[PDB]
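**Q** Experimental coordinates follow, after the sequence.
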Amino acid sequence: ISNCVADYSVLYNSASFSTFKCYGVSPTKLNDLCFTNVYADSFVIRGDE
Amino acid sequence: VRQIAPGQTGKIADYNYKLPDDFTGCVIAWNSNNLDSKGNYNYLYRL
């Protein structure tokens, strides 16, 4: 992901999701920062895993 | 049910019901599908 305007609040407010955990950052601050070397991983696993 | 906690995002916690950070008290939950089912359209929330 590169050279763009990201609006994470749509993602975390409009919850289609069951897990949303951020790690070295808080979800509230994500619309205030700028980012470097953004990447997205994606796969499918079992529910217990 | 995740969002009823101190310091948490979502839009239950952001648009509907917000706990403070210095919260003293308890939070109790239990599922109620036998009493809250059919097609039930009597439970609104804000978007």
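**A** Cool, the structure landed. Residues are numbered from 1 along each chain as shown, chains lettered A, B, ... in the order given.

**Q** surely residue A:13 meets residue B:11?
**A** Yes - judged on Cβ atoms under 8 Å, residue A:13 makes contact with residue B:11 at a distance of 4.4 Å. To be clear about C-beta, it is placed using only N, CA and C from the backbone, and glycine gets the same treatment.

**Q** Give me every residue in chain A lying close to chain B.
**A** For chain A, the contact set with chain B under Cβ under 8 Å from any Cβ of the partner chain comprises A:12-15, A:20, A:27-28.

**Q** can you pull out the strands in chain B?
**A** Using DSSP state E, no strands are found in chain B.

**Q** near chain A, which residues of it show up?
**A** So far as Cβ under 8 Å from any Cβ goes, chain B lies against chain A at B:9-11, B:14-15.

**Q** Which of those residues are buried, as a ChimeraX select command?
**A** Those of the residues of chain B next to chain A that count as buried under 16 or more other Cβ atoms under 10 Å in any protein chain shown are selected in ChimeraX with:
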select /B:9,10,11,14
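
**Q** In a markdown table: the residues of chain B next to chain A, plus distance to residue A:48.
**A** Formatted as a markdown table, the residues of chain B next to chain A follow (distance: Cβ to Cβ, whole Å):
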| residue | distance to residue A:48 |
| --- | --- |
| B:9 | 26 |
| B:10 | 24 |
| B:11 | 28 |
| B:14 | 30 |
| B:15 | 32 |
